[PDB]
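S.K.: this one is an experimental structure. Sequence first:
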Amino acid sequence: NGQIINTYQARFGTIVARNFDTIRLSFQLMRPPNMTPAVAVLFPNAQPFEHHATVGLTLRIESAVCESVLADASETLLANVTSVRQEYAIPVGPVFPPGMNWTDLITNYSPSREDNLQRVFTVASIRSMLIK
Amino acid sequence: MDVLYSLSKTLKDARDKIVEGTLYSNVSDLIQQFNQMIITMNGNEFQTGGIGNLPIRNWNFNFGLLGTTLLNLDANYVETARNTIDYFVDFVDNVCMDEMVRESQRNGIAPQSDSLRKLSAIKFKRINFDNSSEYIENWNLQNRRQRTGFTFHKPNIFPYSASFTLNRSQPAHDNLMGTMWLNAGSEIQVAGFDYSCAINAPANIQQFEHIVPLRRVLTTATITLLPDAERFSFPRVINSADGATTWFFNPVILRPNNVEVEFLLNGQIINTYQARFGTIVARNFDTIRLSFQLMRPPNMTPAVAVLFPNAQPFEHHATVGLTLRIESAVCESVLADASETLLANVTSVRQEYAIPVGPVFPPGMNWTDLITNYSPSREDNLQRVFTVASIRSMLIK
Amino acid sequence: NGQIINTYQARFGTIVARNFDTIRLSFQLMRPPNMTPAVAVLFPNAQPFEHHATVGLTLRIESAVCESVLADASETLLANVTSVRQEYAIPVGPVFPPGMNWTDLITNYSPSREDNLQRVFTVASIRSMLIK
Amino acid sequence: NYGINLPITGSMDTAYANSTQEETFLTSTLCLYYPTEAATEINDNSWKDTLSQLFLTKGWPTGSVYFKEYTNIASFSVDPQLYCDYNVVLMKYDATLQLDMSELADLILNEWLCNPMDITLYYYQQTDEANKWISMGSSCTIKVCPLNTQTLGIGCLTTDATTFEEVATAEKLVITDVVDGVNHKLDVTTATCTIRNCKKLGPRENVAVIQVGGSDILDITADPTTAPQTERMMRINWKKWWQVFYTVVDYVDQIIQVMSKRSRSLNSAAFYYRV
Amino acid sequence: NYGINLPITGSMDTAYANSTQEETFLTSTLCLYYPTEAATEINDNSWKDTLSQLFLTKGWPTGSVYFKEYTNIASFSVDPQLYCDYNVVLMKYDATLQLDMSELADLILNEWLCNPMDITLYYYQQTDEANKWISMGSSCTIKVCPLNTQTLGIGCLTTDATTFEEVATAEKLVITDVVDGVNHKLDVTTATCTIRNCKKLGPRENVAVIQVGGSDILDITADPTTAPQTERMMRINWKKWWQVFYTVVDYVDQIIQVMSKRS
Amino acid sequence: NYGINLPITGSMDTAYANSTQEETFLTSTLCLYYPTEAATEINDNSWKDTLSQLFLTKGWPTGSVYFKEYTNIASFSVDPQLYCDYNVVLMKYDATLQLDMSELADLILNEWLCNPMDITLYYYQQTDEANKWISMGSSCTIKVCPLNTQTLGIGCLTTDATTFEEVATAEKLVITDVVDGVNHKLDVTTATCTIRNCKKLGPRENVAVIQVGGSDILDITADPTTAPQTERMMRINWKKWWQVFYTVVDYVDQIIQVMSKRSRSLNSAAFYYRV
Ligand SMILES: CC(=O)N[C@@H]1[C@@H](O)[C@H](O)[C@@H](CO)O[C@H]1O
Ligand SMILES: CC(=O)N[C@@H]1[C@@H](O)[C@H](O)[C@@H](CO)O[C@H]1O
Ligand SMILES: [Ca+2]
Ligand SMILES: [Ca+2]
Ligand SMILES: [Ca+2]
Ligand SMILES: [Ca+2]
Ligand SMILES: [Ca+2]
Ligand SMILES: [Ca+2]
């Protein structure tokens, strides 16, 4: 809600995040003040720039605890729902995207879609006990 | 400690098995446990909290037993039991947060909070229930000196490290040789380079080596080995060793020749693999020793032969790398990994209540600083706090 | 663990050490400012140095209390273990060094070797009551 | 540990140091090399006094920058002795002295290590690609006579000197490449010449070459498949030679950014053929 | 347009649009430049007719190709007014004019923001590395003296104009680089010349230079370090001028490709 | 560099490597210095041939042994040039030229740090024991006045060069050491001499000295206290020159045991020049 819960300054590796809903990355490029002759040819003062500078980061969430249902890399509850709808040629209804597209479903993840998605993942979890 | 797990096991089962409409014979043995909790706990009084911003609460138990006379449970029997469970489950939260926040240096395996020292009397031992979880089973096997084991998925065994080593250098930085590496999490990416591409080496072969020692002994690991370091493959500029100047590294990449991976234990070779990529195993080791070499190709097409001259201006630098990754292994001490969230529950309690830095753990519970100097005094504290965090996760997610 | 438990500054003779696992010796050489003519010939300003300066110390542990088993100069529990293995021509197993080399065993003194070494010194102590 | 070659291990997270390009201007020295027909066109004596005020704006002190001159490329190449820290000599293009300019830059831009030669006693051969024969003097006329495995000439008699092959006559500097691995016999007129064999170690870092006018010709590597253009090779086009001098005073940071100190000058290179 | 403010997001995996090169031909112009003697060897009267029939084959309409000429590099560089949509020039290589061909291509290929200069009244310094002085006219003779802090000349006399230090004698186009930070007194021939205070920007993309003759002689920078060769500093070899025009008419789709519009 | 300041950790009880004597003789080179009076009594045409066949017995190949001449000790010290990898110099004893033998061995057996000097403009002082003033040329006469705290001469006149006192008179090589603290005003005939200050570094390990006759006269230090005798200041006796060259060719192995190469510089000069 616009309040800084956690912050980390030049600290790489594994970090934690206790409660958040917005990630704000900030980083800057600095020209190196001292350069060997092999480096100084790359960055002239004039216009033809043949070697372009680049600065990047990489973030990755390993495991987290949410309150609504989602999809992940361990359990197959999303795959059981779509495989039933694809097998029996089910028409497109009023709620879910055509073909159960997860990119289209998490983009507009309305509270009307959340109540349907929990009701169907829970039934898919009951069926997985008897029939794999 | 054993009776703190036994309180949480039969409060988890009481919210699951005591439901409306169920048959009485399904819950006929849980109620004999739940009534015998209450008889032991009545008349006592407790006190939790006091450190940091964790507030002080007083606990007092005066409850009545449950009825043992119905055939099917009704909504009177459920609603009169939920207002007893909800007082105990609030008590166990504040004992588990009182213990994850404290630490000692002499004997960290002993209980530290005031409430958990009081629960370790022989009066409270009759609350003891089955001990079937992974962390409470390894708490008991290790307390009698028997062999334990924790199973991990991608364990954080390597501290973060990104550096290099120059075996041949000059202040111009145009004819270099050495290795570069990244050790982070459970993944090693080493890459060796040579600017001259072994034009003056004996038999045109340059030998590289990279040795990684571990902190604890791993057992029965599943390791993926791939013959490219994808992180050290693009042109970049790198500072010097003392931060004085910068130097340029423009790679082209050959394949690694004559790869040998060894898995050591007290200097003894347990396993070895020679030019064998894909998935490999490692039954018992505490030191990984990678070895690989660069060989100049004896036959070159005209598009390749322009890249590697005999004289001094080398504009395309040769590079040979590897990539190692531990998928799953079995250790004996506690660690962090990518599947379970026991490290995240400990730090989130300490960050929320503004807890001062104590004598044992690093400031902010930094895992890179904690696995670097992983002393036996820190191991006894870290197991005592991950086990309490595992008990709290049954009741309160 | 990197914390200074005890320290002693220019104090020779017998000293105590209540709890430690790392000894850090520090000492320095100082050129004498006043020299008789027999001394001043030894240390010139130019390059040929025929008499080299030397400063040293000597430390010796008389008695201590450890928690794991070790070897010492009073009891013969290490000598009873190796004499049984050498007499009956026992092959090299997976744990102990070849020939029960104590320099190789205290160098890599793993917790797997500590549990074996206590189990064998204790049996060697039982046998010493009956048969010397 | 002066002669030992120990490795170094450095991190990839160390913060950069400060700018340092304004301390080097205080301590170090600079030398300029110009042909003697520059001061003819200038028509001044105080232009050495004038330019030293203009280097003071860019950061150099009054006693750092030194000016040296020569007559032509032929007479400068008799014995180029380059003494200051940072050396910058600009030569003039000539369409007919095309090889003689590139033989000068072979000496200056690289660093050679040289052993003496005695022609009367010994027969000579070159071992690998690095061995060249560098002869310089007032007038050098070199004649070669290759020999077989029996000490007999191939196309030359070892007694008559007119049958000898000829590679140069009357120059100030000659760098000679012959077939690596064949014993030869030499006929250098050593009254005014002095030959010694040399092998190339690496580049001489502290010196740059600014070609003045003319097209792009320069061939360091006496090798047909390789003609590299390093960063310390520069060419400008001229109409007047004031504008040449205001250009080099303006861009002193870019001239010095592309050349380092001499690696043999340091106290680090103690027993690695120092200076 | 171009904008240093107002960011533009866009995306990836969007479909590539169709080849709009044909619509570029229908709504643009093209202007060739040639030295005067190139029309002399051809000695046709209607050679501008026979070329416009051949540009029509490649898709250029019948009202878009214009031919203009000049006398030499010395006379073209008094005021090059280039205002078509696309422009290419044909420079004949002279060996002694090696310094004048670099000065023209500096003026043609790059943008310049210019400002006036009053030699009589003011004293001028150069602030930026990209600050240069461009003088054009019939006969420019430029004499420069530097300055100390105390408004006194360094190697000259601020009264005597003979003791100055000249950088140009009677040239149609002079680009002057002086050390930056020092003020200067100037003395130019203002009757047949006009010196100005110009400033370099990015390149001009509606112009291109085809060198016709000897080797690459193009330091269009000011420092001795860099001497680049960009996308459109190109060069051919010639024996007949009538063969040179066939190559330009044939390969329009590559010459138009390496250059952009005015916008 | 970067492995300079790091320690190296060897150990005891490791196995020795094998010999190095043969591979030292193959790649490296050797060249002795002998006076003109040697070859006069010898008066052979091909005695350089006869010796080079005898070095071949002691492991040295053909093209590794070179011979150089000099007139006397005075004429040898114009420019001390050390050409090859291992140098030996042969000095006949003179009972008169006793300093000039000791001046020669000081310059050759040590390393020096030579900065230029301008005596008609400035005032110069020495810094410590290691600072010396070394002048060499055709003939020069150094005259020095001590000076004071307010720049007034002590026992001389700053404008008069007659009241100056001399420390050398027409010598080829002079090493002048004066008192430490005070400044000095100099009078050197600069037309035939070049005086510079130089700092003594550690010794040079390319070169040994053999006295042909006499006794040792060797204070190569500047203090009177130490007159050290290292193992490269050798001395023999003579009555024929053939016995002298036979002693050197036979006992190369004892001499080469002390020589200890790879202190070779990249130039051939005896010093290191800076500005
Ligand atoms: C750029 C920066 O902030 N770093 C400082 C700089 O401001 C300061 O002028 C310099 C003095 O030597 O020391 C650097 O550490
Ligand atoms: C002439 C040509 O290239 N064909 C394209 C065609 O591929 C495209 O589908 C259509 C609609 O954009 O426009 C045409 O011009
Ligand atoms: Ca012939
Ligand atoms: Ca050759
Ligand atoms: Ca003037
Ligand atoms: Ca400027
Ligand atoms: Ca006097
Ligand atoms: Ca002194």
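M.R.: That came through fine. Numbering: from 1, shown residues only, chains lettered A, B, ... in the order given. Ligands and ions are numbered 1, 2, ... in the order given.

S.K.: any chance you could map the helices in chain A?
M.R.: Applying DSSP state H to chain A gives helices spanning A:37-40, A:77-87, A:102-107, A:111-130.

S.K.: deepest in the core, which of those helices is it.
M.R.: helix A:37-40 (a mean of 20; mean count of other CB atoms under 10 Å in any protein chain shown). For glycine as for every other residue, the C-beta is placed from the backbone atoms N, C-alpha and C.

S.K.: who does that helix touch, helix- and strand-wise?
M.R.: When contacts are defined as 3 or more CB pairs under 8 Å, 6 or more residues apart in numbering or on different chains; DSSP states H and E, helix A:37-40 sits against strand B:246-249.

S.K.: near ligand 3, which residues of chain D? Just list them.
M.R.: Contacts of chain D with ligand 3, taken as CB under 5 Å from the ion, map to D:155, D:163.

S.K.: show me the contacts for the closest residue to ligand 7 within chain A.
M.R.: Relative to ligand 7, the nearest point of chain A is residue A:34 (54.7 Å; CB to the ion). By CB atoms under 8 Å, 6 or more residues apart in numbering or on different chains, the contact set of residue A:34 is B:244-246, D:16-17, D:19-21.

S.K.: ok, residue D:217 next?
M.R.: Counting by CB under 8 Å, 6+ apart, residue D:217 makes contact with D:98, D:101-102.

S.K.: now do residue D:26
M.R.: By CB under 8 Å, 6+ apart, the contact set of residue D:26 is D:59, D:61.

S.K.: my reading is that it lies in a helix. Confirm?
M.R.: Yes: checked against DSSP: H, G, I helix; E, B strand; the rest coil, residue D:26 lies within a helix.

S.K.: burial of residue D:76, as a residue count?
M.R.: Residues near residue D:76, counting by other CB atoms under 10 Å in any protein chain shown, number 21.

S.K.: confirm residue D:194 sits in a helix?
M.R.: No: applying three-state DSSP, one finds residue D:194 to be strand, outside a helix.

S.K.: skip the chain neighbours and tell me the closest residue to the residue of chain D found nearest chain F.
M.R.: Proximity to chain F, evaluated over chain D using CB to the nearest CB, is greatest for residue D:6 at 3.0 Å. Nearest residue to residue D:6 in three dimensions, chain neighbours excluded: residue F:3, at 3.0 Å (CB to CB, 6 or more residues apart in numbering or on different chains).

S.K.: touching, that neighbour and residue D:1? I think so.
M.R.: Yes: the pair residue F:3 and residue D:1 qualifies as a contact (CB atoms under 8 Å) at a distance of 6.9 Å.

S.K.: who's more crowded, these two?
M.R.: Shown here are residue F:3 and residue D:1; by other CB under 10 Å, residue F:3 has more neighbours (16 against 12).

S.K.: ok, residue 70 - how many residues close by?
M.R.: Defaulting to chain A. Count around residue A:70 with other CB under 10 Å applied: 14.

S.K.: wait, I meant chain D there
M.R.: 17.

S.K.: and for the one 4 residues further on?
M.R.: For residue D:74, the neighbour count with other CB under 10 Å is 14.

S.K.: tell me which element it is part of?
M.R.: helix D:73-76 (DSSP states H and E).

S.K.: and that helix, C-alpha only, in CSV?
M.R.: Output of helix D:73-76 as CSV, limited to C-alpha atoms (Å, rounded to 0.1, in the frame of the first residue of the first chain):
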residue,chain,number,x,y,z
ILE,D,73,62.7,10.0,-40.7
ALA,D,74,66.0,8.8,-42.1
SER,D,75,68.3,10.6,-39.6
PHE,D,76,65.9,10.1,-36.7
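
S.K.: just after that helix, pick out the following helix or strand.
M.R.: Next along from helix D:73-76, by DSSP H and E: strand D:86-92.

S.K.: how about the CA coordinates for that next one, as CSV?
M.R.: This file holds the C-alpha atoms of strand D:86-92, laid out as CSV (Å, rounded to 0.1, in the frame of the first residue of the first chain):
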residue,chain,number,x,y,z
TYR,D,86,55.1,9.6,-22.2
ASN,D,87,56.5,10.0,-25.8
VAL,D,88,54.5,11.3,-28.7
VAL,D,89,56.4,11.9,-32.1
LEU,D,90,54.4,12.9,-35.2
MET,D,91,56.1,12.0,-38.6
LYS,D,92,55.3,13.3,-42.1
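
S.K.: what does the next helix or strand after it contact?
M.R.: Moving toward the C-terminus from strand D:86-92, the next helix or strand (DSSP H and E) is helix D:98-109. For helix D:98-109, contacts defined as CB under 8 Å, 6+ apart pick out D:73-74, D:76-77, D:80, D:82, D:89, D:91, D:93-94, D:134, D:171, D:173-175, D:203-204, D:207, D:209, D:217-220, D:222, D:230, D:232-233.
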